[PDB]
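One structure below.
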Amino acid sequence: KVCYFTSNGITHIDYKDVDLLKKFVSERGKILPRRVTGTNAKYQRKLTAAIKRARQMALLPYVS
Amino acid sequence: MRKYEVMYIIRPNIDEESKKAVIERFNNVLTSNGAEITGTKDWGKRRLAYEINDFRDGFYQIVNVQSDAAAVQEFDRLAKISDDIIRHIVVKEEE
Amino acid sequence: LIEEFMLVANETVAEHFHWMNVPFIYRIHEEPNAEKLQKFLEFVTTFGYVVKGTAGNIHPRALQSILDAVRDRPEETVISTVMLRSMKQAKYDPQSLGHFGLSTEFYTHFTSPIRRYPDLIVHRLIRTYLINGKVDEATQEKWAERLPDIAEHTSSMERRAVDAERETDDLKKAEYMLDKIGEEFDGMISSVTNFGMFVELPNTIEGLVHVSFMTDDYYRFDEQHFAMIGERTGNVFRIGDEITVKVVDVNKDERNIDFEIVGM
Amino acid sequence: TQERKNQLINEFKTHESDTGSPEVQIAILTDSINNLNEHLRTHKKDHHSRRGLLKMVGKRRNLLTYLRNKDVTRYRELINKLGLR
Amino acid sequence: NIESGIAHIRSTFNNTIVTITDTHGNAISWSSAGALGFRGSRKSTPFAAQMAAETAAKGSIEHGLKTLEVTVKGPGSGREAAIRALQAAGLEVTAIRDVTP
RNA sequence: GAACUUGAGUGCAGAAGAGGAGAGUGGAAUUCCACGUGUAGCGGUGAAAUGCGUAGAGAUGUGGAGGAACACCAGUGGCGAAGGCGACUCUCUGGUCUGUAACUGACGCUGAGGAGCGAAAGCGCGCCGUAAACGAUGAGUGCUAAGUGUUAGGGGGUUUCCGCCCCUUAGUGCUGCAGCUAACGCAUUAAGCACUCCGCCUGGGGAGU
RNA sequence: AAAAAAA
Numbered sequence: 014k015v016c017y018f019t020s021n022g023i024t025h026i027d028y029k030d031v032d033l034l035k036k037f038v039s040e041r042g043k044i045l046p047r048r049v050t051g052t053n054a055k056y057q058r059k060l061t062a063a064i065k066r067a068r069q070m071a072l073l074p075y076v077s
Numbered sequence: 001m002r003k004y005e006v007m008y009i010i011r012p013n014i015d016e017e018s019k020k021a022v023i024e025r026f027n028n029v030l031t032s033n034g035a036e037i038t039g040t041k042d043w044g045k046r047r048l049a050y051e052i053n054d055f056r057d058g059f060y061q062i063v064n065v066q067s068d069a070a071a072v073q074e075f076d077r078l079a080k081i082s083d084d085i086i087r088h089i090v091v092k093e094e095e
Numbered sequence: 447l448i449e450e451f452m453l454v455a456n457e458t459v460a461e462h463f464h465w466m467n468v469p470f471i472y473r474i475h476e477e478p479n480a481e482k483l484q485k486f487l488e489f490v491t492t493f494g495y496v497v498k499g500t501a502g503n504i505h506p507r508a509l510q511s512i513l514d515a516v517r518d519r520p521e522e523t524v525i526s527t528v529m530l531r532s533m534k535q536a537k538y539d540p541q542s543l544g545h546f547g548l549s550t551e552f553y554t555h556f557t558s559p560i561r562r563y564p565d566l567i568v569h570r571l572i573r574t575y576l577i578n579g580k581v582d583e584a585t586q587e588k589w590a591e592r593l594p595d596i597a598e599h600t601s602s603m604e605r606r607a608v609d610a611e612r613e614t615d616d617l618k619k620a621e622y623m624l625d626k627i628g629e630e631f632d633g634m635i636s637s638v639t640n641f642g643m644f645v646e647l648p649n650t651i652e653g654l655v656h657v658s659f660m661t662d663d664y665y666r667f668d669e670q671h672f673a674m675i676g677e678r679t680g681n682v683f684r685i686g687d688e689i690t691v692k693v694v695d696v697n698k699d700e701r702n703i704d705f706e707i708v709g710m
Numbered sequence: 004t005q006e007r008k009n010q011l012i013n014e015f016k017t018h019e020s021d022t023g024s025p026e027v028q029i030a031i032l033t034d035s036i037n038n039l040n041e042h043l044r045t046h047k048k049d050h051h052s053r054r055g056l057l058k059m060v061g062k063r064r065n066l067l068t069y070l071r072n073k074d075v076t077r078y079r080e081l082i083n084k085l086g087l088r
Numbered sequence: 017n018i019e020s021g022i023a024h025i026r027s028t029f030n031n032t033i034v035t036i037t038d039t040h041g042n043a044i045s046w047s048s049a050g051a052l053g054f055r056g057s058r059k060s061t062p063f064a065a066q067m068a069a070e071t072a073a074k075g076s077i078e079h080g081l082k083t084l085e086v087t088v089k090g091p092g093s094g095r096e097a098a099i100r101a102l103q104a105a106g107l108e109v110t111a112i113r114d115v116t117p
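Here you go:
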């Protein structure tokens, strides 16, 4: 029950780092909730954006 | 002028002569409109997460720049027009 | 580490005696029940986990892929648990029918003859066949007659042991929780039923939330999703949701623990 | 921009370390107002923005008037230098 | 002679229809609960969906399919059973996709 | 007249926003219509009609209606004066909070009228503009027990940091003293104790005539 | 409830 990004000290989430984001989507592709991941609020935001950028650029899917 | 990150995907059905021409074209666009290319990755042909314009793969180019809007804006304009670039995004580099 | 060293030895012995083609005792694990595994495959598709394979022809790896996917998720414990409830139990047998769980063709128990009788037999057959060199037809026919009765019996005595062991654990878990009546715990919904839902605590103590104690709404069980759904409130308690419970009643004799929902 | 603002400060400032004088602040606001007004010529419907304007404009007025009552001299000077009617 | 395809499963409360197409959405084959002569409640049930998937699938295997993408529409109970019936008919499922409007 | 920095603001450093206005762009579905697949369904529902059709349709693409919205994330989270604001990117722009204390030196508060923003409707996109536009609770400032949660910050302690611990700021929550209250309740997010200014009321009906 | 395995 700890934040990835507060643990590992990661200030900047990147949309391009597909692997990293892939942790935080469901198998279907849906964004995983904060309560499941344990993410910090702040980052949950950052993370959401990135995935949203990602998905736009076809890096990630909207519906796997 | 302020830092942006352009990414874009080139259609997968081109040879490396054509591809280079694309890159040089669009690199020429930016620097023509007062941009300076600080970085230029090439992620190479990836599988797309879904099928864009009937292609399941594409060549990603990631240009860092520093420029005025005008530059980026011109790029975006042309990027849209072009059939070689299938999708793109410009993004500001958050401070 | 030791486990692995006991496994490879066990696998080594079994393979040796398979190729020797003499009467021998194996430790088999047959392919799971196709009906039970089918339902399990349905169950995991509700959480989003899609499996490559049909229930009649599933390779162990395909099951392993799931257990990898759910690792460090809330839904781990239960999908794990429901997978288990799709597996067959492992038994002793004279035939080498393989061991599904270990994904191997040859397996026996060799490495604990002090506490298991099939291991003590494996040793006697080793002594008989390898050490003494007694691979005669009469020696084989003697053992081929007796192993089926041994294998069936010992397999029964194992199951007996497990059932009793567990029955004492549940009793002493119930004895532990007598003084915890009124205390709140965080737990996870391990199983959902038409009458209520089971919640496992962090120390693997399991207790029931009876639908009577769910006073906030009329809850209807959904069997397909594994969930109790409130009609009015629209509260949904599913398998693998974490909830906070309070200890209401514990019966030591019956080995019952009863919980009420404090919060989700 | 911050360079533009530093210009402004250097232009109006009453002494070396001064950024708090009406002068300064009026200077700044004034530009902001100006820049913003231009924004609203194009973005006529951007009401919200319009609101901040008013508050800007107001701030000014108070500062001018503060000044005009403190030291009319400085106030005359200023309004000429900024071109404020 | 096409190998890859989509299996469009429209599982309603009343019925299950199963169309199989090529990648360009041209119709190879189909079945439905009511095409197999189920009537009323029975068309709704997952057993009819299962059997509808098989019959759609067996028709596709004649046309020489191997791999499927699957799409699911509608709230019905058939999708789970129907999908398994596409795996059980032989055709490997690449990815299942809920495309409920 | 003169002096000051505590209020007010500007600097400088830092923080988070579905704040607003443009311009694209990503996916969705929608059914507008035609056409390529399609081959007998389909369609209610206790089950039969109700209907629906082989004139190849339910169904599946392809041209699209071309109009509305953007799931998961999403939280009595955040932002906004209110109405309100949730796809993504860029363009322009408003505000807020924290910290510093460098600067200005009371520059403040409220505010009738006025001006602007501002649902259904009303309807003729424009006027309209009235809104449980009533968390049933003007604004500002100071003072007056505690307990616990969350949002964005600041400092110190260990702690390598992560983590914990503590203190502080701003906001949002629950719980509860003093007091207040007709009771209900409120209780540092006051409906407590005060001062400033504004709005408003003085039986019901008639009559919002 | 319900699997190996270990013990």
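In order, the protein sequence lines correspond to chains U, T, C, O and V. Using PDB author numbering, the first residue of the first sequence is number 14, and each one after it goes up by one. Using PDB author numbering, the first residue of the second sequence is number 1, and each one after it goes up by one. Using PDB author numbering, the first residue of the third sequence is number 447, and each one after it goes up by one. Using PDB author numbering, the first residue of the fourth sequence is number 4, and each one after it goes up by one. Using PDB author numbering, the first residue of the fifth sequence is number 17, and each one after it goes up by one. Each residue gets a CB set at the ideal place from its N, CA and C atoms; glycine is no exception.
How would you write the range of the beta strand (DSSP E) that residue i sits in, first residue to last?
i, result
"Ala51 of chain V", "Segment: none, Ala51 of chain V is in no beta strand (DSSP E) and carries neither H nor E."
"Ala111 of chain V", "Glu108 to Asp114"
"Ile474 of chain C", "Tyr472 to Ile474"
"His656 of chain C", "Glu652 to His656"
"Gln66 of chain T", "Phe55 to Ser67"
"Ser636 of chain C", "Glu630 to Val638"
"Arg26 of chain V", "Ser20 to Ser27"
"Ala673 of chain C", "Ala673 to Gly676"
"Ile33 of chain V", "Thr32 to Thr37"
Would residue i and residue j be called neighbours here (beta carbons separated by less than 7 Å)?
i, j, result
"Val524 of chain C", "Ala508 of chain C", "no"
"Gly633 of chain C", "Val691 of chain C", "yes"
"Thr614 of chain C", "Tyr563 of chain C", "no"
"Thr38 of chain T", "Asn64 of chain T", "yes"
"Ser27 of chain V", "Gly75 of chain V", "no"
"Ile651 of chain C", "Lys619 of chain C", "yes"
"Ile689 of chain C", "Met710 of chain C", "yes"
"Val115 of chain V", "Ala72 of chain V", "no"
"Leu33 of chain U", "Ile64 of chain U", "no"
"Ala460 of chain C", "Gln484 of chain C", "no"
"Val86 of chain V", "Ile112 of chain V", "yes"
Between the alpha carbons of residue i and residue j, how many angstroms are there, rounded?
i, j, result
"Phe463 of chain C", "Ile572 of chain C", "9 Å"
"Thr39 of chain V", "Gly686 of chain C", "38 Å"
"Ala71 of chain U", "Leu48 of chain T", "5 Å"
"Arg605 of chain C", "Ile596 of chain C", "14 Å"
"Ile512 of chain C", "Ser526 of chain C", "9 Å"
"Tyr28 of chain U", "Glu17 of chain T", "29 Å"
"residue 771 of chain C", "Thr639 of chain C", "No answer is possible for residue 771 of chain C: it lies beyond the span of chain C, which begins at 447 and ends at 710."
"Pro520 of chain C", "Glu51 of chain T", "33 Å"
"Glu700 of chain C", "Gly56 of chain V", "47 Å"
"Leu647 of chain C", "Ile635 of chain C", "9 Å"
"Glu80 of chain O", "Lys16 of chain O", "13 Å"
Please list the terminal residues of the continuous alpha helix (DSSP H) segment that includes residue i.
i, result
"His50 of chain O", "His50 to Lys73"
"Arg47 of chain T", "Unbroken run through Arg47 of chain T is the beta strand (DSSP E), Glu36 to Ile52; no alpha helix (DSSP H)."
"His88 of chain T", "It is not in any alpha helix (DSSP H) - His88 of chain T instead sits in the beta strand (DSSP E) that spans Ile85 to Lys92."
"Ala597 of chain C", "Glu583 to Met623"
"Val6 of chain T", "Counting along the chain, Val6 of chain T falls outside any alpha helix (DSSP H), though it belongs to the beta strand (DSSP E) covering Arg2 to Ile10."
"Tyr56 of chain U", "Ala54 to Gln69"
In chain order, what residues of the region 474-507 of chain C put their CB closer than 8 Å to some CB of chain V?
For the region 474-507 of chain C, the set of residues with a beta-carbon nearer than 8 Å to any beta-carbon of chain V comprises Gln484, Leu487, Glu488, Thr491, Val496, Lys498, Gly499, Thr500, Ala501 and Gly502, in chain order.
For the pair the region 464-472 of chain C and the region 550-557 of chain C, tell me if three or more CB-CB distances fall below 8 Å.
Contact holds: three or more Cβ-Cβ distances are below 8 Å.
Chain-ordered residues of the region 9-29 of chain T with a beta carbon less than 8 Å from chain U:
Listed by position along the chain: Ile9.
At a Cβ cut of 7 Å, what residues of the region 28-50 of chain T count as close to chain U, listed as they run along the chain?
Along the region 28-50 of chain T, the positions whose C-beta sits under 7 Å from a C-beta of chain U are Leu48, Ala49 and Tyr50, read in chain order.
Using a Cβ cut-off of 9 Å, which residues of the region 58-77 of chain U contact any Cβ in chain T, in chain order?
Look at the region 58-77 of chain U: the residues with a C-beta under 9 Å from a C-beta of chain T are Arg66, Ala67, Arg68, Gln69, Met70, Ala71, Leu72, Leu73, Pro74, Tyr75, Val76 and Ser77.
Determine contact between the region 51-66 of chain O and the region 31-43 of chain O, defined as no fewer than three beta-carbon pairs at a distance below 8 Å.
By the Cβ test, the region 51-66 of chain O is in contact with the region 31-43 of chain O, since at least three Cβ pairs between them sit closer than 8 Å.
Determine contact between the region 57-66 of chain V and the region 80-98 of chain V, defined as no fewer than three beta-carbon pairs at a distance below 8 Å.
Contact between the region 57-66 of chain V and the region 80-98 of chain V is established, with three or more Cβ pairs separated by less than 8 Å.
Closer than 7 Å between beta carbons: that is the criterion. Which residues of the region 28-56 of chain U meet it against chain C?
Within the region 28-56 of chain U, the residues whose Cβ lies closer than 7 Å to some Cβ of chain C are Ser39, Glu40, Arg41 and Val49, listed in chain order.
Spell out a yes or no on whether the region 52-67 of chain U and the region 14-25 of chain U are touching, meaning 3 or more CB-CB pairs, one atom from each, closer than 8 Å.
By the criterion of at least three beta-carbon pairs nearer than 8 Å, the region 52-67 of chain U is in contact with the region 14-25 of chain U.
Check distances from the C-beta atoms of the region 661-675 of chain C to those of chain V and list, in chain order, the residues that come in under 8 Å.
Within the region 661-675 of chain C, the residues whose Cβ lies closer than 8 Å to some Cβ of chain V are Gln670, listed in chain order.
Does the region 68-83 of chain O come within contact of the region 41-59 of chain O, defined as at least 3 CB pairs closer than 8 Å?
Not touching, per the Cβ criterion.
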